[PDB]
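All residue numbers refer to positions in the sequence shown, counting from 1.
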Amino acid sequence: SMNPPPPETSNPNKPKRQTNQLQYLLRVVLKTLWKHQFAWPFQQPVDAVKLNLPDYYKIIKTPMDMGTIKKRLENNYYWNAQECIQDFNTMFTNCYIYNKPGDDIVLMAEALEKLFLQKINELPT
Ligand SMILES: Cc1nnc2ccc(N3CCC(C(=O)NCCCN4CCN(c5cccc(Cl)c5)CC4)CC3)nn12
């Protein structure tokens with residue numbers, strides 16, 4: 001099976017704005033995660049064809065990745081900083097749903113999540 005289409009990253013019919021918190025999420029939170037040694041499996045959508053994960057999209061129905069998150073932040077897709085935070089937590093959660101405890105991939109997610117939460121705890125008002 002092919003992969004599914006990637007999540008939406010721009011919508012004409014969705015209102016759009018810029019916030020202080022949305023800047024921190026891009027300029028601080030995404031940047032820091034993006035440069036982490038274990039960030040690479042999360043920088044684009046799960047390619048089940050390339051990675052030979054034939055059931056990935058049978059089990060995961062709400063895919064998300066940092067690649068999408070970046071695009072969404074750059075095209076002003078988000079209205080609320082809460083929407084963006086939900087996207088990160090979806091990404092992490094999918095990992096933990098699909099994979100077993102201790103698989104390499106889970107350890108790489110858990111390392112990034114630790115860092116995510118550290119940065120989210122210093123989000124501005
Ligand atoms: C995204 C995503 N969601 N589910 C999956 C399943 C596989 C998958 N890939 C992409 C990455 C592949 C993988 O696990 N590669 C890891 C390389 C091996 N390293 C081994 C050592 N390592 C590591 C990471 C965290 C803690 C510790 Cl101690 C060592 C870093 C990772 C397996 C195939 N991506 N994925």
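- When every heavy atom of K71 is checked against every heavy atom of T9, the shortest pair comes out as CB-CG2, 3.7 Å.
- A single hydrophobic cluster is not seen to contain both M108 and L53; linkage of ILVMFWY side chains at heavy-atom distances under 4.5 Å, directly or through other members, places them apart.
- Cluster membership for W79 and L123, using ILVMFWY side-chain heavy atoms within less than 4.5 angstrom, is not shared.
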Would you tabulate the side-chain donor-acceptor contacts of residues 24-39 under 3.5 Å, counting partners in other chains and residues two or more places apart, or write 'none'?
| from | atom 1 | to | atom 2 | distance (Å) |
| --- | --- | --- | --- | --- |
| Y24 | OH | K119 | O | 2.6 |
| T32 | OG1 | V28 | O | 2.7 |
| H36 | ND1 | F38 | N | 3.1 |

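- Linking ILVMFWY residues whenever their side-chain heavy atoms come closer than 4.5 Å, directly or via other members, places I69 and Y96 in the same cluster.
- For the pair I105 and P41, the tightest heavy-atom approach, listed with the atom from each and the gap, is CD1-CB, 3.5 Å.
- Among all heavy-atom pairs drawn from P63 and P7, the shortest one is O-CG, 3.8 Å.
- The distance from atom CG of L22 to atom SG of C84, rounded to the nearest 0.5 Å, is 7.0 Å.
- The hydrophobic clustering, which links ILVMFWY residues whose side-chain heavy atoms are closer than 4.5 Å, places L115 and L107 apart.
- By the rule that hydrophobic residues join a cluster once side-chain heavy atoms approach within less than 4.5 Å of another member, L117 and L112 end up as members of one cluster.
- Residues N76 and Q18 have side chains in contact (heavy-atom distance under 4.5 Å, counting atoms from C-beta outward).
- What you find for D87 and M64 is that their closest heavy atoms are O-CG, 3.3 Å.
- Listed by chain and residue number, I97 satisfy the side chain to side chain contact (heavy atoms under 4.5 Å, CB included) test with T93 (two or more places apart in sequence, or in another chain).
- Nearest approach of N75 to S10, heavy atoms of both residues: CB-CB, 4.4 Å.
- Taking 4.5 Å as the limit, some side-chain heavy atom of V106 sits within range of a side-chain heavy atom of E110.
- In this structure, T62 OG1 and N94 CG are separated by 4.5 Å, a value rounded to the nearest 0.5 Å.
- With 3.5 Å as the limit, one finds a donor-acceptor pair spanning the side chains of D65 and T68.
- Side-chain atoms of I60 and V46, non-hydrogen and from C-beta on, never get closer than 4.5 Å to each other.
- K14 forms a cation-pi arrangement with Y77, by the criterion of a distance under 6.0 Å to the ring centre and an angle within 45° of the ring axis.
- Rounding to the nearest 0.5 Å places CZ of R72 at 12.0 Å from NZ of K16.
- Atom NZ of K61 sits in a crowded spot, with more than 12 heavy atoms from other residues, nucleotides or ligands closer than 6.0 Å.
- Each side-chain hydrogen bond (donor to acceptor under 3.5 Å, both in side chains) pair with one or both residues in residues 41-56, not counting sequence neighbours, appears once here: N3-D47, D55-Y98.
- Smallest separation of non-hydrogen atoms from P54 and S1: O-OG, 4.3 Å.
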